[PDB]
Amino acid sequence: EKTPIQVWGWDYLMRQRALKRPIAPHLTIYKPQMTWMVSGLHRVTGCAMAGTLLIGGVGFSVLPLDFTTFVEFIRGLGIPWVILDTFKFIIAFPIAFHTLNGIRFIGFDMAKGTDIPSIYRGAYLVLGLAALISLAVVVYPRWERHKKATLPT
């Protein structure tokens, strides 16, 4: 159900359609900025994590393949470790970023740090920590594994 202005606005959209007027371009011409790109990344990371959870949970259930034979399959391909650890980074970054930037967006909801300097600092900060955390979580255990392979007892 609609407010009167929302009803008025529907009838407006239909008038403009009837007039066959074009819509001025938008996504294809607007300057990429730390405002709407980070927002976009927030939505993409959110939805990618969701989509992965759906396709994963239902997929494995509907298929004969289970996750243990899936993991063993890709080890079987024996692909270089730097690339394996990049996949891990990619898996980790969305979680890191989306969580961090989620906190930022809740602040925006409460009218916190909406001045342009703060908008930009927070963006860079959130992208930075997210990358730093995803890096750590991948690198640290790889470090331990190199120590286990080449150091005594």
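Quick note: we count residues from 1 along the sequence shown, nothing fancier.
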note = Quick note on 143 to 151 and 1 to 9: per-entry mean CA temperature factor is higher in 143 to 151
note = Comparing 47 to 55 with 80 to 88, the higher average Cα temperature factor in the PDB entry belongs to 80 to 88
query = So among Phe105, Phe70, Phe93, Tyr120, who wins on Cα B-factor in the entry?
reply = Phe70
inquiry  = By the CA temperature factor listed in this entry, which of these ranks top: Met37, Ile116, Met110, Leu63?
reply    = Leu63
note = Tertile call for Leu19 (CA temperature factor, within chain, third-based) is the middle
